[PDB]
Amino acid sequence: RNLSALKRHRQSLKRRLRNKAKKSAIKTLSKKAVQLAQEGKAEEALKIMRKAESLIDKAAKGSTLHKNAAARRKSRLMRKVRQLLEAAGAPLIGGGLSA
Amino acid sequence: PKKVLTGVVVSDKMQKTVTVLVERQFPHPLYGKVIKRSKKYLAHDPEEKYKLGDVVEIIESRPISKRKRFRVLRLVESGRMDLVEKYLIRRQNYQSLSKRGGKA
Amino acid sequence: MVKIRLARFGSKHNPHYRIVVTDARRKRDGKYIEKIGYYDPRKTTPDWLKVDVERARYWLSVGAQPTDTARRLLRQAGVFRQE
RNA sequence: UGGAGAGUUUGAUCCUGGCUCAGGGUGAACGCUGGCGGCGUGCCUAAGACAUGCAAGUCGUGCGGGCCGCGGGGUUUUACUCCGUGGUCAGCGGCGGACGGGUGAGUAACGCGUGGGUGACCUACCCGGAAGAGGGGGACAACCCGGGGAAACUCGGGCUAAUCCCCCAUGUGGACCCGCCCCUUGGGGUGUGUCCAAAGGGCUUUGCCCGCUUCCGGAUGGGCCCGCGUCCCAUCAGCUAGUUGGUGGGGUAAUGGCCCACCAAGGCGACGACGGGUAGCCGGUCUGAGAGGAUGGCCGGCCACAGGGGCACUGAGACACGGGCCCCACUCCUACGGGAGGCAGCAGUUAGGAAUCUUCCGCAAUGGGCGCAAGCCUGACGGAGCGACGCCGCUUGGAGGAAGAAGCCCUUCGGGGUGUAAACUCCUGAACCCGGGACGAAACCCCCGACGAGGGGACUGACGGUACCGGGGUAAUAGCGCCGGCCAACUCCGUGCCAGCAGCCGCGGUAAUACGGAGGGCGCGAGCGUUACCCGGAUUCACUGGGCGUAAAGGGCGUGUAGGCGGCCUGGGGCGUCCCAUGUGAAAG
Ligand SMILES: [Mg+2]
Ligand SMILES: [Mg+2]
Ligand SMILES: [Mg+2]
Ligand SMILES: [Mg+2]
Ligand SMILES: [Mg+2]
Ligand SMILES: [Mg+2]
Ligand SMILES: [Mg+2]
Ligand SMILES: [Mg+2]
Ligand SMILES: [Mg+2]
Ligand SMILES: [Mg+2]
Ligand SMILES: [Mg+2]
Ligand SMILES: [Mg+2]
Ligand SMILES: [Mg+2]
Ligand SMILES: [Mg+2]
Ligand SMILES: [Mg+2]
Ligand SMILES: [Mg+2]
Ligand SMILES: [Mg+2]
Ligand SMILES: [Mg+2]
Ligand SMILES: [Mg+2]
Ligand SMILES: [Mg+2]
Ligand SMILES: [Mg+2]
Ligand SMILES: [Mg+2]
Ligand SMILES: [Mg+2]
Ligand SMILES: [Mg+2]
Ligand SMILES: [Mg+2]
Ligand SMILES: [Mg+2]
Ligand SMILES: [Mg+2]
Ligand SMILES: [Mg+2]
Ligand SMILES: [Mg+2]
Ligand SMILES: [Mg+2]
Ligand SMILES: [Mg+2]
Ligand SMILES: [Mg+2]
Ligand SMILES: [Mg+2]
Ligand SMILES: [Mg+2]
Ligand SMILES: [Mg+2]
Ligand SMILES: [Mg+2]
Ligand SMILES: [Mg+2]
Ligand SMILES: [Mg+2]
Ligand SMILES: [Mg+2]
Ligand SMILES: [Mg+2]
Ligand SMILES: [Mg+2]
Ligand SMILES: [Mg+2]
Ligand SMILES: [Mg+2]
Ligand SMILES: [Mg+2]
Ligand SMILES: [Mg+2]
Ligand SMILES: [Mg+2]
Ligand SMILES: [Mg+2]
Ligand SMILES: [Mg+2]
Ligand SMILES: [Mg+2]
Ligand SMILES: [Mg+2]
Ligand SMILES: [Mg+2]
Ligand SMILES: [Mg+2]
Ligand SMILES: [Mg+2]
Ligand SMILES: [Mg+2]
Ligand SMILES: [Mg+2]
Ligand SMILES: [Mg+2]
Ligand SMILES: [Mg+2]
Ligand SMILES: [Mg+2]
Ligand SMILES: [Mg+2]
Ligand SMILES: [Mg+2]
Ligand SMILES: [Mg+2]
Ligand SMILES: [Mg+2]
Ligand SMILES: [Mg+2]
Ligand SMILES: [Mg+2]
Ligand SMILES: [Mg+2]
Ligand SMILES: [Mg+2]
Ligand SMILES: [Mg+2]
Ligand SMILES: [Mg+2]
Ligand SMILES: [Mg+2]
Ligand SMILES: [Mg+2]
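Residue numbers (the entry's author numbering), protein chains in the order written: chain T, 8 to 106; chain Q, 2 to 105; chain P, 1 to 83.
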């Protein structure tokens with residue numbers, strides 16, 4: 008018995024926790040921006056959105072998001088933030104949205 | 002090429018969707034005689050532009066839902082419930098053929 | 001990646017390879033993408049090796065990696081000769 | 001270039017009509033028999049259970065160590081300590097483990113086939129092109145220290161390297177939001193804003209190789225969708241509420257009720273829904289004059305499954321046969337707390353069965369994985385083994401030899417048959433002996449040359465001392481079925497409706513060509529029969545190619561719904577139909 012495929016398993020768990028972690032952050036900061044924007048705080052909302060954008064791309068840097076999975080998140084994020092700010096806002100900090 | 006089919010709109014009781022009854026003819030694989038077989042397609046209609054009796058062309062499309070993989074291309078000719086009628090009667094005729102009685 | 005290798009087609013003790021272009025992952029005798037030659041190791045007939053340099057070169061130019069024996073044969077037929 | 005019919009209903013006849021035979025086929029099995037060889041082929045049953053060995057690894061040219069050596073330094077000497085090198089062990093890291101191999105359980109389905117769609121997508125390694133790799137920081141194993149456990153193993157504490165993780169920079173470029181333009185379902189371009197790169201290693205060292213990063217593309221592989229086709233039962237007729245559609249969202253590489261919230265009330269069915277039965281589909285295979293019928297072993301393609309059920313993680317890719325988690329059945333270890341397992345991989349065991357093989361040889365060849373390479377690993381595979389299981393080739397002799405031996409045999413007792421058969425004469429010479437003895441292998445590699453083209457060289461055979469060649473050399477296996485008609489082949493004797501034959505007709509109740517034996521004969525021959533099953537004959541479901549007064553078959557009659565069918569003339573269209581071109585129609589067969 009004993010096959011050193013056990014190694015791939017060990018390795019997968021380290022990878023699992025790593026991916027799992029990055030994502031948690033993404034969702035947390037995303038919801039964060041979607042919140043401040045919803046409260047019309049353009050300045051610090053875009054601020055955070057930028058961090059979320061950054062984390063998303065970096066996640067797709069390796070094999071956590073990759074492909075167009077990253078692109079959706081970003082899209083969905085810039086969309087909600089920009090719309091929610093359509094409630095008296097004016098992109099103050101002019102983060103990642105392009106006037 | 003995206004298949005293009007032509008049929009009649011039998012159902013309208015649907016939001017942004019119409020049922021197109023499409024017929025086809027072909028020789029019987031063994032008995033020769035030309036036989037008519039039909040099929041209903043649920044086609045996409047974003048503007049609810051077509052009604053019962055409208056003969057429309059339908060085109061193969063990117064899925065809009067389960068069942069809906071066709072969109073209404075254009076109108077070929079309208080108003081003609083003679084076609085809708087066959088379908089309706091043939092539908093109502095289903096009352097007689099069963100186990101329970103029915104004034105079909 | 002896609003390869004240019006030999007597929008076994010003779011009979012017992014009567015090997016007759018078929019130089020084919022296939023994906024690396026297929027059975028050696030499974031579905032190939034294209035036949036571009038043949039090879040009779042025992043040289044039972046004067047015609048124990050045909051290749052079609054034209055084609056061998058098209059695949060090489062798009063990725064196809066030949067096995068060692070594959071290129072040995074392709075070369076013997078002047079696939080790489082540039083003189 | 002392709003088509004044969006026969007027996008059997010009556011005293012006899014014609015017809016109807018069923019049954020039966022002659023032919024061909026099979027992953028066969030059974031009986032009697034059995035010599036050689038090539039090539040194929042061999043669990044069709046319990047997808048019952050499986051002992052044992054083997055079936056996936058590989059990289060020291062990504063990294064740091066442990067154990068065991070050998071050697072060299074610092075030193076006046078010891079302790080101590082620095083470096084180099086060999087072996088070995090796992091670890092971290094990477095590529096592979098998503099292929100290759102197995103089985104058809106499930107599935108009547110976009111599963112498969114065929115033709116198309118993707119402006120709804122992905123694709124590691126390979127190829128082409130563009131641009132690039134500046135700086136800083138961090139952790140976890142190994143190892144060291146300690147703890148709980150019978151074990152499996154598990155917990156904590158400390159140290160450390162990297163092509164391991166992270167930050168800042170450069171931004172060719174690319175991603176996203178908004179706008180504009182071209183396209184037109186999410187395609188391409190452009191502008192502002194934001195966001196995102198990198199890994200180092202090796203020397204035949206101060207360049208070149210292996211590799212890293214972002215992007216455009218190629219190639220290959222793949223996801224998803226659509227038209228059409230794909231068995232039986234209507235003694236299954238109604239089915240459905242995630243159901244049908246919409247909006248928004250979630251999710252994915254991507255469309256979609258895929259999933260969720262909310263709204264609408266739909267959707268499907270006799271052109272057979274739903275339900276039940278059965279079944280992996282195909283290229284093909286068998287049969288048939290064809291149309292068609294039957295089928296799907298082997299080989300090739302697709303799908304599905306890996307003890308049963310569910311699930312997700314890691315990945316370019318898996319919901320992953322020899323990876324992970326949980327539930328269930330079971331086997332196993334147990335210090336009873338708790339653990340370890342899953343041959344539908346090769347071989348083998350056991351069970352079931354009428355029935356299906358070697359616990360073999362090799363990685364020499366082809367193919368695959370990893371490595372710069374050497375090379376390692378490959379029960380893929382190449383071979384050998386067992387079985388008349390199939391196909392083909394071949395042998396058990398060749399020529400002469402009585403108007404005809406012996407025996408057996410029938411006999412109108414005179415003869416007739418076996419029989420040129422034998423004996424015997426001569427000739428060859430399967431077996432077996434001796435000798436030689438392969439092709440399959442030339443690449444990788446190394447040298448020259450540019451690590452290129454090209455040239456040169458060396459290593460390498462499991463099969464195998466086998467094939468084949470040459471010399472020597474013995475006459476040296478035969479069987480099985482049948483002989484009433486169909487159906488080629490008849491006599492004696494025994495038996496006496498008995499014993500028994502028998503495919504269908506039918507034989508046997510004392511002269512039986514039909515039972516049993518014998519002689520003889522016919523047929524085929526390393527086989528011959530038998531049983532089973534498929535197609536044929538069977539125009540015996542009839543499309544080609546049938547019928548219904550009395551043979552089986554007209555509805556008891558009508559009314560009429562769907563459906564089927566539709567007079568004469570002209571015109572438009574051009575769906576059916578026909579024509580031309582073209583694409584597709586994998587390989588095998
Ligand atoms: Mg949170
Ligand atoms: Mg008859
Ligand atoms: Mg009678
Ligand atoms: Mg009679
Ligand atoms: Mg025997
Ligand atoms: Mg054999
Ligand atoms: Mg089986
Ligand atoms: Mg075992
Ligand atoms: Mg092995
Ligand atoms: Mg020393
Ligand atoms: Mg090691
Ligand atoms: Mg497979
Ligand atoms: Mg069913
Ligand atoms: Mg599908
Ligand atoms: Mg496409
Ligand atoms: Mg492609
Ligand atoms: Mg490239
Ligand atoms: Mg560091
Ligand atoms: Mg240490
Ligand atoms: Mg311990
Ligand atoms: Mg620690
Ligand atoms: Mg440190
Ligand atoms: Mg940065
Ligand atoms: Mg730029
Ligand atoms: Mg557009
Ligand atoms: Mg644009
Ligand atoms: Mg732009
Ligand atoms: Mg360097
Ligand atoms: Mg209803
Ligand atoms: Mg929706
Ligand atoms: Mg989406
Ligand atoms: Mg509702
Ligand atoms: Mg059904
Ligand atoms: Mg089945
Ligand atoms: Mg045929
Ligand atoms: Mg016929
Ligand atoms: Mg046929
Ligand atoms: Mg067929
Ligand atoms: Mg089989
Ligand atoms: Mg097959
Ligand atoms: Mg698949
Ligand atoms: Mg089992
Ligand atoms: Mg993933
Ligand atoms: Mg296994
Ligand atoms: Mg038995
Ligand atoms: Mg090999
Ligand atoms: Mg090899
Ligand atoms: Mg003679
Ligand atoms: Mg070698
Ligand atoms: Mg040189
Ligand atoms: Mg050379
Ligand atoms: Mg003799
Ligand atoms: Mg007889
Ligand atoms: Mg006769
Ligand atoms: Mg008796
Ligand atoms: Mg008698
Ligand atoms: Mg008598
Ligand atoms: Mg007799
Ligand atoms: Mg027939
Ligand atoms: Mg009749
Ligand atoms: Mg009658
Ligand atoms: Mg009448
Ligand atoms: Mg009646
Ligand atoms: Mg007419
Ligand atoms: Mg009509
Ligand atoms: Mg007309
Ligand atoms: Mg037409
Ligand atoms: Mg055509
Ligand atoms: Mg063609
Ligand atoms: Mg073909």
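Even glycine gets a Cβ: it sits at the ideal position worked out from N, Cα and C.
1) Which runs of the beta strand (DSSP E) fall wholly inside the region 69-103 of chain Q and span at least 3 residues, in chain order?
2) Taking the beta carbon of T:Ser37 as the centre, do at least 16 other beta carbons fall within 10 Å, making it buried, or is it exposed?
3) In angstroms, rounded to a whole number, what distance separates the CA positions of residue 1 of chain Q and P:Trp59?
4) Would DSSP call T:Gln18 helix, strand or coil?
5) So what's P:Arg72 in DSSP terms, helix, strand or just coil?
6) Do you know how far the Cα of Q:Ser39 is from the Cα of Q:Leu31?
7) For the alpha helix (DSSP H) holding Q:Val5, just list the boundary residues, first then last.
8) Exposed or buried, T:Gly101, counting other C-beta atoms within 10 Å across all chains shown (16 or more means buried)?
9) Could you tell me which residues DSSP puts in a beta bridge with P:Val79?
10) Could you spell out the range, first to last residue, of the alpha helix (DSSP H) harbouring T:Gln90?
So, from the data block:
1) 71-78
2) Here residue 37 of chain T corresponds to residue number 30 of the first sequence, with the count starting at 1. By the 10 Å Cβ count, T:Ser37 comes out buried.
3) Outside the displayed range of chain Q (2 to 105) lies residue 1 of chain Q, so it cannot be described from this structure.
4) Within the first sequence, numbered from 1, the residue matching residue 18 of chain T stands at position 11. It is helical.
5) Sequence index remark: in the third sequence, residue 72 of chain P carries index 72 (1-based). If DSSP states are grouped into helix, strand and coil, P:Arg72 belongs with the helices.
6) Residue 31 of chain Q sits at position 30 when you count from the first residue of the second sequence. Residue 39 of chain Q sits at position 38 when you count from the first residue of the second sequence. So the alpha carbons of these two residues sit roughly 19 Å apart.
7) In the second sequence, residue 5 of chain Q corresponds to position 4, counting from 1. From DSSP, Q:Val5 is part of no alpha helix (DSSP H) but of the beta strand (DSSP E) over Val5 to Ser12.
8) To locate residue 101 of chain T, count along the first sequence from 1; it is residue 94. The residue in question, T:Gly101, is exposed, as its Cβ has fewer than 16 Cβ neighbours within 10 Å.
9) Working through the third sequence from its first residue, we reach residue 79 of chain P at position 79. Paired residue(s): none; P:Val79 is not in a bridge.
10) The residue you call residue 90 of chain T lines up with position 83 of the first sequence. Unbroken alpha helix (DSSP H) run through T:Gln90: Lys74 to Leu91.
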